[PDB]
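Chemist: Structure incoming, see below.
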Amino acid sequence: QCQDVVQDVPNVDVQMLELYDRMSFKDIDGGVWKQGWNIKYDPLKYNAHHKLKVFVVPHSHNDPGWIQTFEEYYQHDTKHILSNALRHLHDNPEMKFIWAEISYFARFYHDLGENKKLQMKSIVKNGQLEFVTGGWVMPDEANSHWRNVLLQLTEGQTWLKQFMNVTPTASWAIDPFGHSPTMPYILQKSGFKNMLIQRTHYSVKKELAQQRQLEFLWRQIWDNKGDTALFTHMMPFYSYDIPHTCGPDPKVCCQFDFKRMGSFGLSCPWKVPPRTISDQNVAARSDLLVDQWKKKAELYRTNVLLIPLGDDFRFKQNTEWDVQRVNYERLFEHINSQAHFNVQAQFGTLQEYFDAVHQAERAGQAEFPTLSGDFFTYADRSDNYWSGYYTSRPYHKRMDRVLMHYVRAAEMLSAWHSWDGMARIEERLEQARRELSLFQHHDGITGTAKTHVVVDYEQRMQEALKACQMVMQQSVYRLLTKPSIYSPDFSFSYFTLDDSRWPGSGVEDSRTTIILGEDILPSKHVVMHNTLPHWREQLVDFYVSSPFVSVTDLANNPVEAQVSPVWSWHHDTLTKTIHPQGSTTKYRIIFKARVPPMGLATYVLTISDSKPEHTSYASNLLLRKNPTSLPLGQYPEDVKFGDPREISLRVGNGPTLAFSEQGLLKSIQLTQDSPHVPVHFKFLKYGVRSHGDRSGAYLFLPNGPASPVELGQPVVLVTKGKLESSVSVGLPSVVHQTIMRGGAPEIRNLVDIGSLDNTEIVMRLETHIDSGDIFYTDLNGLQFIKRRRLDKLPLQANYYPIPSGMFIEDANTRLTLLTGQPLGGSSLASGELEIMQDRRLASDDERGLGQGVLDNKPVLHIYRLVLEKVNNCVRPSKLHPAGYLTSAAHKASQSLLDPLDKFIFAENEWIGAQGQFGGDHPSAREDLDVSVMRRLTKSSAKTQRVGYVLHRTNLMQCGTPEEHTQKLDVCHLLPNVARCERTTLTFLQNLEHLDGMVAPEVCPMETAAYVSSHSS
Ligand SMILES: CC(C)(C)c1ccc(CC[C@@H]2CC[C@@H](O)[C@@H]3[C@H](O)[C@H](O)CN23)cc1
Ligand SMILES: [Zn+2]
């Protein structure tokens, strides 16, 4: 039944890791096609019975924020482009236009009068205006999580189905900085038949062009059969602009961009301008243009040629529509009537191109190669590798992952019920989905926008977080109150969220202290939510106003707890040291919460006059020369002091960790008898070149290998508790923390690069694992791909996106680092892993941004560090291009991305409170997730519909015996099911009507969507 994703190496024509190993990457001058060669063709190839069919496809690339905000661009440019497109297409029936960004289209359409809405629907229905992809945005492919790529695709396509009655099946991605196979994975499971990409390494374009492998069936790296394959067209030249889309010579192609004659303020850098087409020049002009087209056609296998015609924010003025259309019409009339050219040229759309290509294929005219792999790291020229944007603006990269989880939790918690319109649930969820979707743009999460635009994205995401909080807390109140008591005010705050890691300690003072006291309030209810479909235990912490607090469940059973101080780190501008201060009135209480699958659990915190029976207190040790006292109020244990020294810690029966006198990990011992395995954390800095090209928001151009950060004699704080222990150290630019709860440690870095201009701070792990030149990184949080370090390429080319994790291994040992935020990283030597923390750059790097990166702010980065023995694991063979996590590493990743949510009851007494929700929910096998649960209907619908996206990962078999778990059938999670359907991942098309209304579980590495219908 299910394909084996481990043991069968797929046979493909092009495998990108193998291609990389073989290629020389020489940057030679190819002539007018600077990165290619002088293309030759046989004029006799095309004749009366075999013509070249040319589709000229007008387009306008509209960024939802970059140099201006979304709203600024909409007012100044996009509203005019769309208004003039409507008029010109209406009036010129043979003219065509494609549109990608639905965020702008929806903004425009809703402001149109009814007459114009009808005119717009007519030019879509008749095929003159065609939507390509139909996502909210054209997303980044490096830093984006697959869940958010799907979210933004669904937001745009749901809008298009409702208002335009169309669902695109061809994708257009002309600007993201490199390309991921996560895109065809999602698109192929969402009804698509074709896709187009542009930004791939210039050496790759040359190699594939020589073999006519620029069109290929792109399958996943583990897919032996090919059921994931999606037809893909890679454009051959340096850019998507008119000079780089007609053919190989931009000096010639520029003369066919009729906006560049002078009155529009544009010109041709190659110093030859366009000239208006006339009867006296059309033959010579056609001669030049057809020659360019026939050269481009030599790079592809069919007699159908794609010629994009557009650029950034084009087709804005009426006069521009006229100058492009009339000049091209004169060229077509001449070319199509001159038999000697053997060409038929016309305006077309993207779907028309692909339909004609496949007609040629079915006629036996061409066969296409198969391909697997990715297209990172991109370089557009010379040594200019775009690995900087894997890290740029890391505060907002972390915010993306926080909001990702809040959107999932808000949609899931509120899906369980139908809500009255007055509750504003659908309104708040639509706002949250749209702001997160907007940020997936290739100038949003990438960190490549102007400072004021980054601020706009941040403000939008903050409003989205508040919307999610409102929906979540209303839902908890409804799910856990006796129904005959429940009395909602839909504007009221019944609970506030408590989040320990966002914005984070030392970033914002945002958390509420639970205030208890004999003369005010003896106790407080708290509630935990678990969005994952299995029972889960996790330590949770709250701030409380007394150390004498104990925890009970809602059967009044005692729960073991630990109290620790609240520690904050300060850069002391007087003593010139970085050191911790403790609160004398706020304390942390920590306990293990146990929560049902997709469920809720209630606990109670109660004050007493002295130390409670079931609460313990951490010890605290400050290691520094020249200590001063550290009082802690009522906290029952005095802080201890010492000179810096090596130390060792063990929580529970977990690993024993040893630290240097500077507070940095040096070894991990997995069990009592086992070796102390060298595992060393180190912080280093990269700089910028003093001559030639400078690093900026896009480009990483280091001045050689990194240099160690000079640490001095830093202050180290050791907290030792029964449930949780930690070592924290104040280093220059980073407060580095290692936290132990009985399994793999959690690492937290509070990163403040301050005023350190032209500096990139990296965190490195040094081990003696014999990894050689191999390492693994993830793509969009979906799959792990094998990387090979290449010493034939510069340092920055060996940097890859780390959207959620990375690992190295040898025959016996693996080290995996999981992340709570996308960052850039590599393995630059055998046994090493490294990941960039932040970067501050004074210079612009010549890609259009027009500023450096000087707007850094403190960010709390989070990680888990998993050392494991892998000698017993069933792994792929040496030639397989994928890798897979273990159970422990996968659970560690879930602990970072989808932790328990914590709610504090906001008033004194919760009347009608219940102890648990979801105790009867199935606890599914650990590799299965309910990635999305979303109610699809409003309360007035007779038949309610709920959509689910189910994802199964693939975990290594390493000899841990399987325990039986329960089958998860999402179609029976809500009562009164009347129908269950398998759908596309966007929920927009029914694919299968399911027997017995049962939704089957999916295979490893597969994702499916189901919709259940319920009689209400
Ligand atoms: C030399 C100049 C004119 C600055 C230039 C440099 C690069 C490009 C390529 C297009 C760039 C690539 C980075 C990217 O951030 C931007 C925006 O998303 C916009 O849509 C154009 N894109 C176009 C033009
Ligand atoms: Zn762009």
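Under the authors' numbering, the residue at position 420 of the sequence shown is numbered 449, and the numbers go up by one with no gaps.
Cβ coordinates follow ideal geometry from the N, Cα and C atoms, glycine included.
My guess is that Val61 and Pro272 are in contact by the Cβ rule of under 8 Å, so how many angstroms apart are they, rounded?
Modeler: In the sequence shown, the residue the question calls residue 61 occupies position 32. In the sequence shown, the residue the question calls residue 272 occupies position 243. Going by Cβ atoms, the distance from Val61 to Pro272 rounds to 11 Å, so no, they are not a contact pair.
Chemist: Mark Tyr828 as exposed unless 16 or more other C-beta atoms lie within 10 angstroms of its C-beta, in which case mark it buried.
Modeler: For the purposes of this step, residue 828 is taken as the residue at position 799 of the sequence shown. Using a 10 angstroms sphere on the CB of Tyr828, the tally of other CB atoms reaches 16 or more, which defines it as buried.
Chemist: Using 7 Å as the cut-off, classify the Cβ of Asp92 as near or not near the heavy atoms of ligand 1, replying yes or no.
Modeler: For the purposes of this step, residue 92 is identified with residue 63 of the sequence shown, where counting begins at 1. Flag set: Cβ of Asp92 near ligand 1.
Chemist: Quick one: complete beta strand (DSSP E) runs, 3+ long, within the region 495-547?
Modeler: 524-527
Chemist: Could you check the C-alpha separation between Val195 and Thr162 for me, to the nearest Å?
Modeler: Numbered from its first residue, the sequence shown carries residue 195 at position 166. Numbered from its first residue, the sequence shown carries residue 162 at position 133. If I take the Cα positions, the gap works out to 11 Å.
Chemist: Run through the region 442-477 for me and flag every whole alpha helix (DSSP H) of 4 or more residues, listed as ranges in chain order.
Modeler: 454-468
Chemist: In the DSSP assignment, what are the bridge partners of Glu123?
Modeler: Numbered from 1 along the sequence shown, position 94 holds the residue referred to as residue 123. Per DSSP, none; premise fails for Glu123.
Chemist: Taking 6 Å as the limit between beta carbons, can you name the residues of its chain near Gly772, skipping five residues before and five after?
Modeler: Position 743 of the sequence shown, counted from the first residue, corresponds to residue 772. Around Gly772: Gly683.
Chemist: Output the boundary residues of the alpha helix (DSSP H) element that contains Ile152.
Modeler: Here residue 152 refers to the residue found at position 123 of the sequence shown. Taken as a continuous stretch (DSSP letters only), the alpha helix (DSSP H) holding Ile152 covers 143-154.
Chemist: Start and end of the beta strand (DSSP E) containing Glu775?
Modeler: The residue labelled residue 775 in the question sits at position 746 within the sequence shown. From DSSP, the beta strand (DSSP E) with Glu775 extends over 775-780.
Chemist: With contact counted as at least three CB pairs below 8 Å, one residue from each stretch, are the region 529-546 and the region 561-578 in contact?
Modeler: yes
Chemist: Relative to the C-alpha of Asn885, which candidate in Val34, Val35, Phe370, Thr480 has its C-alpha closest?
Modeler: Position 856 of the sequence shown holds residue 885. Nearest of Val34, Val35, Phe370, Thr480 to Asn885, Cα basis: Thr480.
Chemist: For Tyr269, count neighbouring C-beta atoms within 10 Å of its own C-beta (all shown protein chains included) and say buried if the count is 16 or more, exposed if not.
Modeler: Translated into positions along the sequence shown, residue 269 becomes position 240. Buried, since its Cβ has 16 or more Cβ neighbours within 10 Å.
Chemist: Taking three-plus beta-carbon pairs below 8 Å as touching, is the region 480-498 in contact with the region 460-467?
Modeler: yes
Chemist: Quick check on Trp247: buried or exposed, where buried means 16 or more other Cβ atoms within 10 Å of its Cβ?
Modeler: Taking the first residue of the sequence shown as position 1, residue 247 is located at position 218. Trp247 comes out buried.
Chemist: May I ask whether a heavy atom of ligand 4 can be found less than 7 Å away from the beta carbon of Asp204?
Modeler: Ligand 4 is not part of this structure, which contains only ligand 1 and ligand 2.
Chemist: Taking only three categories from DSSP, how would you classify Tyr616?
Modeler: Here residue 616 refers to the residue found at position 587 of the sequence shown. Here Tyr616 sits in strand by DSSP.
Chemist: So, helix, strand or coil for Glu863, using DSSP?
Modeler: Stepping through the sequence shown from its first residue, residue 863 is reached at position 834. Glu863 falls in the strand class under three-state DSSP.
Chemist: State the beta-bridge partners of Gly611 as determined by DSSP.
Modeler: By 1-based counting over the sequence shown, the position of residue 611 is 582. Residue pairing for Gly611: DSSP places it in a beta bridge opposite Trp596.
Chemist: Give a single yes or no on whether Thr477 has its beta carbon closer than 7 Å to a heavy atom of ligand 1.
Modeler: Here residue 477 corresponds to residue number 448 of the sequence shown, with the count starting at 1. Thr477 Cβ: within cutoff of ligand 1.
Chemist: Quick check: the Cα distance between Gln866 and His765, rounded to an integer number of angstroms?
Modeler: Locating residue 866 in the sequence shown gives position 837, counting from the first residue. Locating residue 765 in the sequence shown gives position 736, counting from the first residue. The alpha-carbon atoms of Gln866 and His765 are separated by roughly 12 Å.
Chemist: Could you tell me if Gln488 is buried or exposed, where buried requires 16 or more neighbouring beta carbons within 10 angstroms of its beta carbon?
Modeler: Residue 488 sits at position 459 when you count from the first residue of the sequence shown. With fewer than 16 Cβ atoms within 10 Å of its Cβ, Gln488 is classed as exposed.
Chemist: Output yes or no for whether 8 Å exceeds the beta carbon distance between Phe405 and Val352.
Modeler: The residue you call residue 405 lines up with position 376 of the sequence shown. The residue you call residue 352 lines up with position 323 of the sequence shown. No, Cβ-Cβ distance for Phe405 and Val352 is not below 8 Å.
Chemist: DSSP three-state call for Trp247: helix, strand or coil?
Modeler: Residue mapping note: residue 247 aligns to position 218 of the sequence shown, counting from 1. Residue state, collapsed to three classes: strand.
Chemist: Mapping DSSP to helix, strand and coil, what is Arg963?
Modeler: In the sequence shown, the residue the question calls residue 963 occupies position 934. Strand.
Chemist: With respect to 7 Å, is the separation between the Cβ of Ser173 and the closest non-hydrogen atom of ligand 1 below this value?
Modeler: By one-based count along the sequence shown, residue 173 stands at place 144. No.
Chemist: Flag this pair as yes or no: are the beta carbons of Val999 and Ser1045 separated by less than 8 Å?
Modeler: What you label residue 999 is simply residue 970 of the sequence shown in a count that begins at 1. What you label residue 1045 is simply residue 1016 of the sequence shown in a count that begins at 1. Not a contact, by the Cβ cut-off of 8 Å.
Chemist: Please go through the same chain and pick out, in chain order, the residues whose beta-carbon is closer than 8 Å to the beta-carbon of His1043, but skip the five residues on each side of it.
Modeler: Position 1014 of the sequence shown, counted from the first residue, corresponds to residue 1043. Around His1043: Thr972, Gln973, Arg974, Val975, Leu1003, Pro1004, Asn1005, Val1006, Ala1007.
Chemist: At what residues does the alpha helix (DSSP H) containing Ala238 begin and finish?
Modeler: As a working mapping, residue 238 is identified with position 209 in the sequence shown. For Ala238, the uninterrupted alpha helix (DSSP H) run begins and ends at 231-239, by DSSP.
Chemist: Classify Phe521 as buried or exposed, calling it buried when 16 or more other Cβ atoms lie within 10 Å of its own Cβ.
Modeler: The residue given as residue 521 occupies position 492 in the sequence shown. Exposed.
Chemist: Can you tell me whether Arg176 is helix, strand or coil according to DSSP?
Modeler: Taking the sequence shown and counting its residues from 1, the one referred to as residue 176 is at position 147. If DSSP states are grouped into helix, strand and coil, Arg176 belongs with the helices.
Chemist: Can you tell me whether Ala493 is helix, strand or coil according to DSSP?
Modeler: On the sequence shown, residue 493 is found 464 positions in, with the first residue counted as 1. Three-state result, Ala493: helix.
Chemist: Just how far apart, CA to CA, sit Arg653 and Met769?
Modeler: Position 624 of the sequence shown, counting from 1, holds the residue named residue 653. Position 740 of the sequence shown, counting from 1, holds the residue named residue 769. Using only the alpha carbons, I get a separation of about 22 Å.
Chemist: Roughly how many angstroms lie between the CA atoms of residue 6 and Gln850, to the nearest whole one?
Modeler: As shown, the chain starts at 30 and ends at 1045. That puts residue 6 outside it, with no answer to give.
Chemist: Just to confirm, is the Cβ distance from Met167 to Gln227 under 8 Å?
Modeler: Sequence index remark: in the sequence shown, residue 167 carries index 138 (1-based). Sequence index remark: in the sequence shown, residue 227 carries index 198 (1-based). Taking 8 Å as the Cβ cut-off, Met167 and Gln227 do not qualify as a contacting pair.
Chemist: When you measure from the CB of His471 to every non-hydrogen atom of ligand 2, does any distance come out below 7 Å?
Modeler: Along the sequence shown, one-based indexing puts residue 471 at 442. Yes, the beta carbon of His471 sits closer than 7 Å to at least one heavy atom of ligand 2.
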